[PDB]
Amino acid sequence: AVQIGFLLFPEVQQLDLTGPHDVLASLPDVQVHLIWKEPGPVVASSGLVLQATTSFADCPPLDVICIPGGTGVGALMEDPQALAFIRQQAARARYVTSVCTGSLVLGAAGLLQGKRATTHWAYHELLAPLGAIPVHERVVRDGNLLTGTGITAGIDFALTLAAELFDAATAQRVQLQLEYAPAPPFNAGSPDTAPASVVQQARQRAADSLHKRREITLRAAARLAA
């Protein structure tokens, strides 16, 4: 059975995780794990309560690891237990993936050094200090690393993973079973397509968070420099 693991942490953006989870859980011969320091409740940034299924120590060797994003990324970037677990699993995983600001956690773990990667548009300037080559594309692959942008990036890249782990017909069947054919009613999902006034509002709303994450990123980079 293919072993797929998601890191589940306080203040996660739950859709970053629950989207790819439902897609990948639809495949045959897959086991999906929700990983934290111990099994039990973990609260997402919206207040939704999820349940971790396994601890770091008990998690099996993973074929796929996925790091979601969210408000809670700042704490994770300085959590030595979580970063060590990610490094251990990434060493043998076939795929190391992230959604949105989850790539900043991969960066803090040292896994983006010299690698092409993306992250959420408002935090993209934090990739270079973590050693990455920043790329402004929705899905960026570099070897076995796959970083994606957008709250539903993991739905789309989960179909890619399905095709590579199984075959294209299997990925197509899952897409059809889920009737997955999105059609957003607005075209404001990128700073390059949204109205300038909307970009301004979104930027100011993110400013305090970006400021705090600049400080965290510099401490995380100092640890990588040692």
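All residue numbers are counted from 1 along the displayed sequence.
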{"query": "Average Cα temperature factor in the PDB entry - higher stretch of 207-215, 21-29", "finding": "21-29"}
{"query": "Mean C-alpha temperature factor, higher of 57-65 and 175-183", "finding": "57-65"}
{"query": "Per the PDB entry, maximal CA B factor within 158, 48, 168, 35", "finding": "168"}
{"query": "Highest recorded Cα temperature factor - choice among 122, 126, 105, 91", "finding": "91"}
{"query": "Ranked against its chain, the third holding the CA B-factor of residue 1", "finding": "highest"}
{"query": "Chain thirds of CA B-factor: placement of residue 149", "finding": "middle"}
{"query": "Where the record places residue 97 (Cα B-factor, split into thirds across the chain)", "finding": "lowest"}
{"query": "Within-chain third of residue 117 by Cα B-factor, per the entry", "finding": "lowest"}
{"query": "Residue 221, C-alpha B-factor rank within chain (lowest, middle or highest third)", "finding": "middle"}
